[PDB]
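> Quick one, my_file_7.cif (mmCIF, C-alpha atoms and all ligand atoms):
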data_coords
#
loop_
_atom_site.label_atom_id
_atom_site.label_comp_id
_atom_site.auth_asym_id
_atom_site.auth_seq_id
_atom_site.Cartn_x
_atom_site.Cartn_y
_atom_site.Cartn_z
CA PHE A 1 123.45 -19.99 -7.48
CA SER A 2 123.05 -22.97 -5.15
CA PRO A 3 126.50 -24.66 -5.16
CA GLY A 4 129.60 -22.93 -3.86
CA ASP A 5 131.91 -23.69 -6.81
CA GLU A 6 131.00 -22.47 -10.30
CA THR A 7 131.87 -19.78 -12.83
CA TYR A 8 129.27 -17.27 -11.60
CA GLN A 9 130.54 -17.26 -8.02
CA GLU A 10 134.12 -17.24 -9.30
CA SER A 11 133.33 -14.29 -11.58
CA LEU A 12 131.76 -12.33 -8.71
CA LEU A 13 134.72 -13.14 -6.46
CA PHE A 14 137.12 -12.01 -9.20
CA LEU A 15 135.29 -8.69 -9.45
CA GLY A 16 135.44 -8.37 -5.67
CA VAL A 17 139.17 -9.04 -5.51
CA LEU A 18 139.68 -6.61 -8.40
CA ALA A 19 137.99 -3.95 -6.29
CA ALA A 20 140.16 -5.05 -3.36
CA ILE A 21 143.22 -4.57 -5.59
CA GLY A 22 141.89 -1.10 -6.35
CA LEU A 23 141.76 -0.47 -2.61
CA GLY A 24 145.32 -1.76 -2.31
CA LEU A 25 146.60 0.56 -5.01
CA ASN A 26 144.74 3.43 -3.33
CA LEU A 27 146.40 2.68 0.01
CA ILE A 28 149.87 2.36 -1.52
CA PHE A 29 149.22 5.67 -3.29
CA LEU A 30 148.42 7.15 0.12
CA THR A 31 151.63 5.64 1.53
CA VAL A 32 153.81 7.01 -1.27
CA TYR A 33 152.19 10.43 -0.91
CA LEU A 34 152.84 10.50 2.84
CA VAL A 35 156.46 9.38 2.46
CA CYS A 36 156.96 11.96 -0.30
CA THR A 37 155.56 14.75 1.88
CA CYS A 38 157.64 13.59 4.85
CA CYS A 39 160.81 13.28 2.75
CA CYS A 40 161.53 17.02 2.80
CA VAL A 41 144.98 25.97 -0.03
CA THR A 42 141.56 26.02 1.63
CA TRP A 43 140.01 25.34 -1.78
CA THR A 44 141.01 21.66 -1.75
CA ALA A 45 139.62 21.09 1.75
CA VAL A 46 136.37 22.89 0.90
CA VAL A 47 135.99 20.83 -2.28
CA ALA A 48 136.64 17.66 -0.27
CA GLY A 49 133.98 18.59 2.27
CA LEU A 50 131.43 19.43 -0.41
CA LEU A 51 132.23 16.19 -2.25
CA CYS A 52 131.84 14.07 0.88
CA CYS A 53 128.54 15.78 1.71
CA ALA A 54 127.28 15.13 -1.82
CA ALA A 55 128.50 11.53 -1.57
CA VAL A 56 126.71 10.85 1.71
CA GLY A 57 123.56 12.51 0.37
CA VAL A 58 123.45 10.49 -2.84
CA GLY A 59 124.22 7.35 -0.85
CA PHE A 60 121.30 8.06 1.47
CA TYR A 61 119.12 8.53 -1.61
CA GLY A 62 120.31 5.19 -2.97
CA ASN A 63 119.69 3.40 0.32
CA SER A 64 116.18 4.84 0.53
CA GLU A 65 115.57 3.79 -3.07
CA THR A 66 116.67 0.20 -2.44
CA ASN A 67 114.66 0.13 0.79
CA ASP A 68 111.55 1.13 -1.16
CA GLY A 69 112.34 -1.44 -3.85
CA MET A 70 112.71 -4.28 -1.37
CA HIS A 71 109.57 -3.09 0.42
CA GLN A 72 107.49 -3.25 -2.76
CA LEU A 73 109.01 -6.64 -3.59
CA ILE A 74 107.89 -7.90 -0.18
CA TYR A 75 104.47 -6.33 -0.82
CA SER A 76 104.16 -8.21 -4.12
CA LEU A 77 105.21 -11.43 -2.39
CA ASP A 78 102.56 -10.75 0.26
CA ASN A 79 99.90 -10.33 -2.42
CA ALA A 80 100.98 -13.58 -4.06
CA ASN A 81 100.90 -15.34 -0.69
CA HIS A 82 97.38 -14.03 -0.13
CA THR A 83 96.22 -15.14 -3.58
CA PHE A 84 97.58 -18.68 -3.31
CA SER A 85 96.32 -18.96 0.28
CA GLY A 86 92.86 -17.97 -0.91
CA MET A 87 93.01 -20.47 -3.77
CA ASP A 88 94.06 -23.21 -1.34
CA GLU A 89 91.32 -22.33 1.15
CA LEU A 90 88.69 -22.24 -1.59
CA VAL A 91 89.66 -25.62 -3.03
CA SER A 92 89.94 -27.26 0.40
CA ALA A 93 86.57 -25.85 1.48
CA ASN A 94 84.95 -26.97 -1.76
CA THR A 95 86.29 -30.50 -1.31
CA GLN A 96 85.28 -30.64 2.36
CA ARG A 97 81.78 -29.33 1.67
CA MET A 98 81.42 -31.72 -1.27
CA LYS A 99 82.23 -34.69 0.96
CA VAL A 100 79.79 -33.38 3.58
CA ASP A 101 77.20 -33.00 0.82
CA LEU A 102 77.70 -36.60 -0.28
CA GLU A 103 77.31 -37.90 3.28
CA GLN A 104 74.23 -35.78 4.03
CA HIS A 105 72.64 -36.77 0.72
CA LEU A 106 73.24 -40.41 1.64
CA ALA A 107 71.66 -39.78 5.04
CA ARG A 108 68.55 -38.04 3.70
CA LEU A 109 68.05 -40.63 0.97
CA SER A 110 68.39 -43.54 3.40
CA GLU A 111 65.90 -41.81 5.71
CA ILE A 112 63.10 -41.56 3.14
CA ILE A 113 63.61 -42.99 -0.34
CA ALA A 114 64.92 -46.29 1.04
CA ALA A 115 61.28 -47.24 1.66
CA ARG A 116 60.55 -47.18 -2.09
CA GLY A 117 63.99 -47.86 -3.57
CA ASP A 118 63.12 -46.87 -7.15
CA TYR A 119 65.49 -43.92 -7.74
CA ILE A 120 68.52 -46.00 -6.70
CA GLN A 121 69.76 -45.64 -10.28
CA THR A 122 69.55 -41.85 -9.99
CA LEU A 123 71.35 -41.94 -6.64
CA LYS A 124 74.13 -44.06 -8.14
CA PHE A 125 74.32 -41.57 -11.01
CA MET A 126 74.74 -38.58 -8.69
CA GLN A 127 77.37 -40.53 -6.75
CA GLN A 128 79.30 -41.40 -9.91
CA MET A 129 79.55 -37.96 -11.45
CA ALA A 130 80.14 -36.45 -8.01
CA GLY A 131 83.19 -38.71 -7.85
CA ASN A 132 84.04 -37.60 -11.38
CA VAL A 133 83.88 -33.97 -10.23
CA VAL A 134 86.12 -34.79 -7.27
CA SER A 135 88.64 -36.45 -9.59
CA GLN A 136 88.56 -33.51 -12.02
CA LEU A 137 89.11 -30.97 -9.23
CA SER A 138 91.95 -33.12 -7.90
CA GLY A 139 93.75 -32.20 -11.13
CA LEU A 140 94.10 -28.58 -10.05
CA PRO A 141 97.62 -27.53 -8.97
CA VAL A 142 97.92 -27.38 -5.19
CA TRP A 143 99.79 -24.26 -4.09
CA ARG A 144 101.06 -25.20 -0.63
CA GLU A 145 104.74 -25.59 -1.53
CA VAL A 146 104.96 -22.28 -3.39
CA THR A 147 103.43 -20.53 -0.39
CA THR A 148 105.94 -22.14 1.98
CA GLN A 149 108.95 -21.26 -0.18
CA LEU A 150 107.66 -17.73 -0.80
CA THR A 151 107.16 -17.17 2.92
CA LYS A 152 110.70 -18.43 3.52
CA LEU A 153 112.03 -16.02 0.88
CA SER A 154 109.99 -13.18 2.39
CA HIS A 155 111.45 -13.87 5.84
CA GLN A 156 114.97 -14.03 4.41
CA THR A 157 114.61 -10.76 2.51
CA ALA A 158 113.06 -9.03 5.53
CA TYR A 159 116.03 -10.07 7.67
CA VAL A 160 118.55 -9.11 4.97
CA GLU A 161 116.97 -5.70 4.36
CA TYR A 162 116.82 -4.96 8.09
CA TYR A 163 120.50 -5.88 8.49
CA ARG A 164 121.53 -3.80 5.47
CA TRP A 165 119.43 -0.83 6.56
CA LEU A 166 120.97 -0.84 10.04
CA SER A 167 124.54 -1.37 8.82
CA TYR A 168 124.43 1.34 6.19
CA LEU A 169 122.80 3.90 8.48
CA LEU A 170 125.65 3.04 10.84
CA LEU A 171 128.00 3.86 7.96
CA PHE A 172 126.23 7.18 7.31
CA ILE A 173 126.41 8.05 11.02
CA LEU A 174 130.12 7.23 11.11
CA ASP A 175 130.78 9.36 8.03
CA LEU A 176 128.88 12.30 9.52
CA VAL A 177 130.78 11.91 12.80
CA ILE A 178 134.10 11.91 10.94
CA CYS A 179 133.07 15.07 9.09
CA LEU A 180 132.08 16.74 12.37
CA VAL A 181 135.31 15.76 14.12
CA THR A 182 137.25 17.03 11.10
CA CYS A 183 135.49 20.39 11.42
CA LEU A 184 136.12 20.44 15.18
CA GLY A 185 139.80 19.69 14.61
CA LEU A 186 139.95 22.46 12.02
CA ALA A 187 138.47 24.96 14.47
CA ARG A 188 139.95 23.90 17.82
CA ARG A 189 143.71 23.57 18.22
CA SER A 190 144.79 20.13 16.99
CA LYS A 191 144.91 17.68 19.89
CA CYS A 192 146.28 14.13 19.78
CA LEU A 193 142.71 13.09 18.94
CA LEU A 194 143.30 14.28 15.38
CA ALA A 195 146.19 11.81 15.31
CA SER A 196 143.96 9.10 16.76
CA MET A 197 141.16 9.57 14.22
CA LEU A 198 143.56 9.12 11.28
CA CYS A 199 143.53 5.34 11.75
CA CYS A 200 139.74 5.40 12.13
CA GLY A 201 139.42 7.30 8.86
CA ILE A 202 141.77 4.85 7.15
CA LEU A 203 139.67 1.94 8.40
CA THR A 204 136.53 3.69 7.18
CA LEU A 205 138.20 4.10 3.78
CA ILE A 206 138.89 0.36 3.79
CA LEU A 207 135.24 -0.27 4.67
CA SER A 208 134.11 2.05 1.87
CA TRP A 209 136.21 0.18 -0.69
CA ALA A 210 134.89 -3.16 0.59
CA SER A 211 131.38 -1.74 0.23
CA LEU A 212 132.22 -0.84 -3.37
CA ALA A 213 133.42 -4.40 -3.98
CA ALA A 214 130.34 -6.08 -2.51
CA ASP A 215 128.09 -3.53 -4.22
CA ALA A 216 129.55 -4.16 -7.67
CA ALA A 217 129.37 -7.92 -7.12
CA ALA A 218 125.73 -7.80 -6.04
CA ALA A 219 124.82 -5.44 -8.87
CA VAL A 220 126.32 -7.61 -11.61
CA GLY A 221 124.92 -10.79 -10.08
CA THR A 222 121.36 -9.51 -9.74
CA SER A 223 121.41 -7.85 -13.16
CA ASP A 224 122.53 -11.05 -14.87
CA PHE A 225 120.12 -13.21 -12.86
CA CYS A 226 117.07 -11.09 -13.69
CA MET A 227 118.08 -10.33 -17.29
CA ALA A 228 116.24 -13.52 -18.33
CA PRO A 229 114.85 -14.80 -15.02
CA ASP A 230 112.22 -17.10 -16.53
CA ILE A 231 114.79 -19.84 -17.13
CA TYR A 232 115.96 -19.54 -13.52
CA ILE A 233 112.42 -19.80 -12.13
CA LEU A 234 111.75 -22.80 -14.38
CA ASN A 235 114.94 -24.53 -13.22
CA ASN A 236 114.79 -23.87 -9.48
CA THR A 237 111.04 -24.20 -8.86
CA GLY A 238 109.49 -26.01 -11.83
CA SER A 239 109.93 -29.56 -10.53
CA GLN A 240 106.54 -30.71 -9.21
CA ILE A 241 104.72 -28.30 -11.56
CA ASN A 242 104.68 -28.98 -15.29
CA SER A 243 106.44 -26.52 -17.58
CA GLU A 244 103.30 -25.37 -19.42
CA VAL A 245 101.59 -23.96 -16.32
CA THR A 246 104.75 -22.15 -15.24
CA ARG A 247 105.23 -20.67 -18.71
CA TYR A 248 101.57 -19.61 -18.71
CA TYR A 249 101.96 -17.78 -15.41
CA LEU A 250 105.30 -16.19 -16.24
CA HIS A 251 104.23 -15.08 -19.74
CA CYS A 252 100.51 -14.45 -20.26
CA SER A 253 100.39 -10.86 -21.51
CA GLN A 254 98.11 -12.49 -24.10
CA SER A 255 96.03 -15.66 -23.94
CA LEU A 256 98.73 -18.03 -25.20
CA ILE A 257 97.12 -21.40 -24.47
CA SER A 258 95.19 -21.36 -21.15
CA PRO A 259 94.83 -25.17 -21.17
CA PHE A 260 92.14 -25.37 -18.49
CA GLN A 261 88.82 -24.18 -19.97
CA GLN A 262 87.88 -27.86 -20.29
CA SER A 263 87.83 -28.22 -16.50
CA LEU A 264 85.64 -25.16 -16.05
CA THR A 265 83.26 -26.40 -18.75
CA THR A 266 82.98 -29.85 -17.17
CA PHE A 267 82.31 -28.46 -13.68
CA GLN A 268 79.75 -26.03 -15.09
CA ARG A 269 77.88 -28.76 -16.95
CA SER A 270 78.07 -31.11 -13.95
CA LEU A 271 76.56 -28.43 -11.72
CA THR A 272 73.83 -27.68 -14.28
CA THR A 273 72.97 -31.39 -14.28
CA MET A 274 72.92 -31.23 -10.48
CA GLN A 275 70.45 -28.34 -10.62
CA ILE A 276 68.30 -30.33 -13.06
CA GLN A 277 68.22 -33.42 -10.86
CA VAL A 278 67.57 -31.37 -7.72
CA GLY A 279 64.61 -29.77 -9.47
CA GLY A 280 63.43 -33.25 -10.41
CA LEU A 281 63.56 -34.28 -6.76
CA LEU A 282 61.61 -31.14 -5.83
CA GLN A 283 58.89 -31.92 -8.38
CA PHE A 284 58.78 -35.51 -7.12
CA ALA A 285 58.67 -34.16 -3.54
CA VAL A 286 55.15 -32.70 -3.86
CA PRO A 287 53.43 -35.80 -2.37
CA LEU A 288 56.29 -36.46 0.07
CA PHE A 289 56.93 -35.06 3.54
CA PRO A 290 57.88 -31.38 3.96
CA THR A 291 61.19 -32.44 5.54
CA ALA A 292 62.30 -33.68 2.12
CA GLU A 293 61.33 -30.33 0.58
CA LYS A 294 63.26 -28.44 3.26
CA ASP A 295 66.35 -30.60 2.70
CA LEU A 296 66.06 -30.13 -1.07
CA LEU A 297 65.79 -26.34 -0.73
CA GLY A 298 68.84 -26.37 1.52
CA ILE A 299 70.69 -28.42 -1.10
CA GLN A 300 69.62 -25.90 -3.75
CA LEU A 301 71.05 -22.99 -1.75
CA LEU A 302 74.11 -25.18 -1.15
CA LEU A 303 74.56 -25.68 -4.89
CA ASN A 304 74.18 -21.93 -5.37
CA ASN A 305 76.97 -21.35 -2.85
CA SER A 306 79.13 -23.97 -4.57
CA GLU A 307 78.52 -22.25 -7.92
CA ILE A 308 79.52 -18.84 -6.58
CA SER A 309 82.60 -20.40 -4.96
CA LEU A 310 83.52 -21.94 -8.32
CA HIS A 311 83.10 -18.53 -9.97
CA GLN A 312 85.43 -17.01 -7.37
CA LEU A 313 87.90 -19.84 -8.05
CA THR A 314 87.85 -19.38 -11.82
CA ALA A 315 88.31 -15.66 -11.24
CA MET A 316 91.37 -16.48 -9.14
CA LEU A 317 92.94 -18.93 -11.62
CA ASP A 318 92.94 -16.30 -14.37
CA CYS A 319 96.53 -15.15 -14.63
CA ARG A 320 95.85 -11.39 -14.74
CA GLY A 321 96.53 -10.81 -11.05
CA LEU A 322 99.38 -13.29 -10.67
CA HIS A 323 101.07 -12.00 -13.83
CA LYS A 324 100.68 -8.43 -12.58
CA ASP A 325 102.31 -9.45 -9.29
CA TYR A 326 105.16 -11.13 -11.18
CA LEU A 327 105.75 -8.11 -13.42
CA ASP A 328 105.71 -5.80 -10.40
CA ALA A 329 108.24 -8.01 -8.61
CA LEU A 330 110.48 -8.27 -11.68
CA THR A 331 110.51 -4.53 -12.28
CA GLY A 332 110.98 -3.76 -8.59
CA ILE A 333 113.96 -6.09 -8.47
CA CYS A 334 115.80 -5.11 -11.64
CA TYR A 335 114.75 -1.57 -12.53
CA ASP A 336 114.83 -0.42 -8.89
CA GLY A 337 117.46 -2.41 -7.00
CA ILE A 338 119.99 -2.22 -9.82
CA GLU A 339 119.74 1.57 -10.07
CA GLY A 340 119.76 2.12 -6.31
CA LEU A 341 122.67 -0.25 -5.76
CA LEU A 342 124.62 1.40 -8.59
CA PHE A 343 123.99 4.76 -6.93
CA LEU A 344 125.42 3.16 -3.79
CA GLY A 345 128.48 2.18 -5.82
CA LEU A 346 128.92 5.83 -6.78
CA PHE A 347 128.55 6.57 -3.07
CA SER A 348 131.44 4.24 -2.28
CA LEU A 349 133.65 5.66 -5.04
CA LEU A 350 133.00 9.27 -4.01
CA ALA A 351 133.54 8.48 -0.32
CA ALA A 352 136.84 6.79 -1.17
CA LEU A 353 137.88 9.88 -3.13
CA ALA A 354 136.83 12.12 -0.24
CA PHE A 355 138.88 10.16 2.29
CA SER A 356 141.79 10.27 -0.14
CA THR A 357 141.52 14.06 -0.29
CA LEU A 358 141.28 14.40 3.50
CA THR A 359 144.38 12.24 3.92
CA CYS A 360 146.00 14.50 1.32
CA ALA A 361 145.13 17.38 3.66
CA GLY A 362 146.16 15.36 6.72
CA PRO A 363 149.90 15.82 7.25
CA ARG A 364 149.86 19.51 6.25
CA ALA A 365 148.31 20.39 9.62
CA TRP A 366 151.58 19.59 11.40
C1 LIG A 401 101.12 -15.29 4.31
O1 LIG A 401 101.76 -14.44 5.25
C2 LIG A 401 101.18 -14.52 6.56
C3 LIG A 401 101.94 -13.56 7.43
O2 LIG A 401 101.07 -12.73 8.20
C4 LIG A 401 101.24 -15.96 7.06
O3 LIG A 401 99.91 -16.45 7.20
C5 LIG A 401 99.87 -17.64 8.01
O4 LIG A 401 98.55 -18.23 7.97
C6 LIG A 401 98.08 -18.79 9.20
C7 LIG A 401 96.83 -19.56 8.88
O5 LIG A 401 97.10 -20.65 8.01
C8 LIG A 401 97.85 -17.65 10.18
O6 LIG A 401 97.56 -18.17 11.47
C9 LIG A 401 97.23 -17.07 12.35
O7 LIG A 401 98.08 -17.06 13.52
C10 LIG A 401 97.46 -17.47 14.76
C11 LIG A 401 98.55 -17.70 15.79
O8 LIG A 401 97.94 -18.17 16.99
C12 LIG A 401 96.62 -18.71 14.48
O9 LIG A 401 96.22 -19.31 15.71
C13 LIG A 401 95.38 -18.31 13.66
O10 LIG A 401 94.83 -19.43 12.99
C14 LIG A 401 95.69 -17.15 12.69
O11 LIG A 401 94.92 -17.39 11.52
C15 LIG A 401 99.07 -16.73 10.25
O12 LIG A 401 98.73 -15.45 9.74
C16 LIG A 401 100.26 -17.30 9.46
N1 LIG A 401 100.84 -18.44 10.15
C17 LIG A 401 101.98 -18.37 10.85
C18 LIG A 401 102.64 -17.03 10.91
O13 LIG A 401 102.44 -19.35 11.42
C19 LIG A 401 102.00 -16.84 6.08
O14 LIG A 401 103.36 -16.42 6.03
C20 LIG A 401 101.39 -16.75 4.68
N2 LIG A 401 100.17 -17.53 4.62
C21 LIG A 401 100.12 -18.79 4.17
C22 LIG A 401 101.42 -19.39 3.72
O15 LIG A 401 99.06 -19.42 4.13
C1 LIG A 402 69.38 -21.03 -5.96
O1 LIG A 402 69.45 -20.34 -7.19
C2 LIG A 402 68.31 -20.60 -8.01
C3 LIG A 402 68.62 -20.02 -9.37
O2 LIG A 402 69.98 -19.62 -9.47
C4 LIG A 402 67.07 -20.00 -7.37
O3 LIG A 402 66.03 -20.97 -7.33
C5 LIG A 402 64.97 -20.61 -8.24
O4 LIG A 402 65.50 -20.20 -9.51
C6 LIG A 402 64.50 -19.86 -10.48
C7 LIG A 402 65.22 -19.56 -11.77
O5 LIG A 402 66.23 -18.57 -11.58
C8 LIG A 402 63.66 -18.69 -9.97
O6 LIG A 402 62.61 -18.43 -10.90
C9 LIG A 402 62.72 -17.07 -11.36
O7 LIG A 402 62.52 -16.15 -10.28
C10 LIG A 402 62.65 -14.77 -10.68
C11 LIG A 402 62.59 -13.91 -9.43
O8 LIG A 402 62.62 -12.55 -9.83
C12 LIG A 402 61.53 -14.46 -11.68
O9 LIG A 402 61.63 -13.10 -12.10
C13 LIG A 402 61.63 -15.39 -12.90
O10 LIG A 402 60.56 -15.13 -13.80
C14 LIG A 402 61.66 -16.86 -12.47
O11 LIG A 402 60.36 -17.18 -12.00
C15 LIG A 402 63.07 -19.02 -8.61
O12 LIG A 402 62.40 -17.88 -8.08
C16 LIG A 402 64.16 -19.46 -7.64
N1 LIG A 402 63.58 -19.85 -6.36
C17 LIG A 402 63.31 -18.98 -5.38
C18 LIG A 402 62.72 -19.55 -4.13
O13 LIG A 402 63.52 -17.78 -5.51
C19 LIG A 402 67.37 -19.50 -5.96
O14 LIG A 402 68.10 -18.28 -6.03
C20 LIG A 402 68.17 -20.53 -5.16
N2 LIG A 402 67.32 -21.64 -4.76
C21 LIG A 402 66.76 -21.74 -3.55
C22 LIG A 402 67.04 -20.62 -2.59
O15 LIG A 402 66.05 -22.69 -3.24
#
Could you render the structure as structure tokens?

Amino acid sequence: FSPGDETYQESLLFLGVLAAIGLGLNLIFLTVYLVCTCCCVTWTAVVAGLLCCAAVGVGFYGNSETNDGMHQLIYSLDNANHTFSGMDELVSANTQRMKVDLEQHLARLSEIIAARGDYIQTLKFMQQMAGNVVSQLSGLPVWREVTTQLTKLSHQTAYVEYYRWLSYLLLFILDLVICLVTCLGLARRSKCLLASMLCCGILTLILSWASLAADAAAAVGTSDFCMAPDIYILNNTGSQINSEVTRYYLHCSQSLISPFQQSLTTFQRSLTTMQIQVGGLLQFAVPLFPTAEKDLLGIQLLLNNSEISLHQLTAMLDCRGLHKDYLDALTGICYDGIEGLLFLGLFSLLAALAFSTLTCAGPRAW
């Protein structure tokens, strides 16, 4: 989690040091074997080579699987970023255009109707429920902070996946090079280089066991964290957003509550009233100047655009797409990363066994 001292971190560290103790017992087993063989057949080497080839292959499969999983997680985060960015742009544009509409309505009324000054009550009415609409739309949840934190998480996971991809392909390359130099030493007469590469192989064994440790730690941590993630997302993020909206988004396979149809109804009725009053101004604009009629027709098309924007908005608030993105992210984390990372754990175990067998076949050369 966030702090550096708790049971979860201690549990993961205990698993890691248990794997390190496994590495230690492996190395002391190697030491006792070497001292026993210094105190006073091709089948095993062939089996070791086949096992190490199978290990590196299954590890490459696991790394590709986790690469694909992280890639689709980043894709889902990108879709969520796009959706919230579109929501934010739509709401900001609607507010900005509404303010512009208020100011231009004030201008066109002062230009013409100020001479008569009889529909001042109507003008005050439009002003008052326009302000009511502004207040009601101010109640929508702004999505700037979630976009910022999700972009930060996307950057972090991109960096982490790039680092892991590079490091583990380095590990695959090193394993292949060790296999090739083993074959070359088997064929060509053993030079001192076969005595030099023994320490390199031992260090690579140590690295493989450390990989097993970190792999098991990450696997258990991620599995436990995404077993019931909803509580974690509520705790870490649900501070400036009320719990009901978060629970709606995280769990809306059915229409649980959806406590926002009142807002859509009030905007729809406000806009219908706006259409009615605009039509009233048109039908009072017959004896007036054509400039008033042109402005009114422009306002009518403007209201049409506002209505279609509101329809796009209410399409975007519906939790189908966001819930689909969440479910895709959840499955791509657990059901993909866990399995790939476990396959990588089997990689580490099999590679450790393979190095053990090669060291078993080490001293017998000379
Ligand atoms: C979603 O991910 C994209 C990553 O491609 C990021 O979008 C950000 O949105 C801004 C606009 O608000 C974009 O600005 C773009 O960059 C040029 C740079 O000169 C700018 O002048 C233009 O206005 C152009 O639209 C840009 O794609 C990006 N901003 C950055 C990278 O600083 C962002 O991570 C996410 N979008 C959000 C959070 O709105
Ligand atoms: C903004 O949208 C409104 C409606 O959404 C439109 O203004 C006028 O709307 C009425 C009612 O929909 C239209 O009357 C109907 O026209 C159809 C055309 O096929 C006709 O079949 C019906 O019997 C009825 O008469 C009216 O035509 C329409 N005004 C214009 C100029 O088309 C219009 O889409 C937008 N208002 C503008 C551009 O001023």
> CA of residue 76 (chain A) and CA of residue 233 (chain A), how far apart in Å?
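If I compute the distance from CA of residue 233 (chain A) to CA of residue 76 (chain A), I get 16.3 Å.
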> So which residues touch residue 351 (chain A) within 9 Å, counting all atoms listed in the file, skipping near sequence neighbours fewer than 5 positions away, as a VMD selection string?
chain A and resid 51 to 52 55 to 56 175 205 208 to 209 346 356
> I'd like the neighbourhood of region 33-39 of chain A as a list in words, where a residue qualifies if any of its atoms comes within 8 Å (using only C-alpha atoms), though same-chain residues fewer than 4 positions away should be ignored.
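Contacts, with the query itself left out: residues 29, 360 and 363 of chain A.
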> Residues of the last selection are to be written out with C-alpha atoms, as a PDB file, keeping the file's coordinate frame.

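Dumped to result.pdb:
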ATOM      1  CA  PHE A  29     149.220   5.670  -3.290  1.00  0.00           C
ATOM      2  CA  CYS A 360     146.000  14.500   1.320  1.00  0.00           C
ATOM      3  CA  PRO A 363     149.900  15.820   7.250  1.00  0.00           C
TER       4      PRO A 363
END
> As lines of an AutoDock Vina configuration file, what would the box around ligand LIG 402 (chain A) look like: edges along x, y and z, 6 Å added on every side, centre and edge lengths in Å to one decimal?

center_x = 65.2
center_y = -17.6
center_z = -8.2
size_x = 21.6
size_y = 22.1
size_z = 23.2
> Would you compute the distance between CA of residue 268 (chain A) and CA of residue 282 (chain A)? Give it in Å to one decimal.
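Taking CA of residue 268 (chain A) as the start and CA of residue 282 (chain A) as the end point, the length is 21.0 Å.
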> Name the residues, by chain letter and number, that sit within 9 Å of ligand LIG 402 (chain A) using all atoms listed in the file, and give them as number ranges by chain.
A: 275, 296-305
> Which neighbours of residue 80 (chain A) fall inside 12 Å, counting all atoms listed in the file, when residues of the same chain fewer than 6 positions from it are skipped, and could you give them as an NGL selection string?
:A and (73-74 or 86-87 or 143 or 146-151 or 154 or 316 or 319 or 321-329)
> Just to confirm, what's the straight-line distance from CA of residue 215 (chain A) to CA of residue 344 (chain A) in Å (one decimal)?
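Separation of CA of residue 215 (chain A) and CA of residue 344 (chain A): 7.2 Å.
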> How would you write as a ChimeraX atom specification the residues that get within 12 Å of (107.8, -29.5, -8.0) in the file's frame, counting only C-alpha atoms?
/A:141-146,149,233-243,245-246
> Point out the residue among A:101, A:10, A:78, A:68 with the least atom-to-atom distance to ligand LIG 401 (chain A), counting only C-alpha atoms and all ligand atoms.
A:78
> Using all atoms listed in the file, can you tell me which of A:354, A:9, A:314, A:107 comes closest to residue 44 (chain A)?
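The answer is A:354, which sits nearest to residue 44 (chain A).
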> Given only C-alpha atoms as the basis, pick out the residue of A:220, A:231, A:169, A:12 nearest to residue 64 (chain A).
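Nearest candidate to residue 64 (chain A) out of A:220, A:231, A:169, A:12: A:169.
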> So, with all atoms listed in the file as the atoms that count, which of A:342, A:315, A:116, A:263 lies closest to residue 58 (chain A)?
A:342
> Env of residue 254 (chain A): 10 Å cut, atoms = only C-alpha atoms, seq-sep filter 3 positions within chain, self excluded. Answer as a PDB file with C-alpha atoms, in the frame of the given file.

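This went into part-v1.pdb:
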ATOM      1  CA  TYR A 248     101.570 -19.610 -18.710  1.00  0.00           C
ATOM      2  CA  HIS A 251     104.230 -15.080 -19.740  1.00  0.00           C
ATOM      3  CA  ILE A 257      97.120 -21.400 -24.470  1.00  0.00           C
ATOM      4  CA  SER A 258      95.190 -21.360 -21.150  1.00  0.00           C
ATOM      5  CA  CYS A 319      96.530 -15.150 -14.630  1.00  0.00           C
ATOM      6  CA  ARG A 320      95.850 -11.390 -14.740  1.00  0.00           C
TER       7      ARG A 320
END
> Identify which of the residues A:309, A:277, A:331, A:136 lies closest to residue 123 (chain A), counting only C-alpha atoms when measuring atom-to-atom distances.
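That would be A:277, the residue with the smallest distance to residue 123 (chain A).
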> Using all atoms listed in the file, collect all residues at a distance of at most 12 Å from (93.5, -33.0, -13.8) as written in the file, then present them as a ChimeraX atom specification.
/A:132-142,242,259-264,266
> Using all atoms listed in the file, which of A:162, A:232, A:347, A:75 sits nearest ligand LIG 401 (chain A)?
A:75
> Applying 9 Å and all atoms listed in the file, which residues near region 221-223 of chain A remain after dropping the ones on its own chain fewer than 5 positions away? List them as a list in words.
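The filter keeps residues 8, 9, 12, 216, 333, 334, 337 and 338 of chain A.
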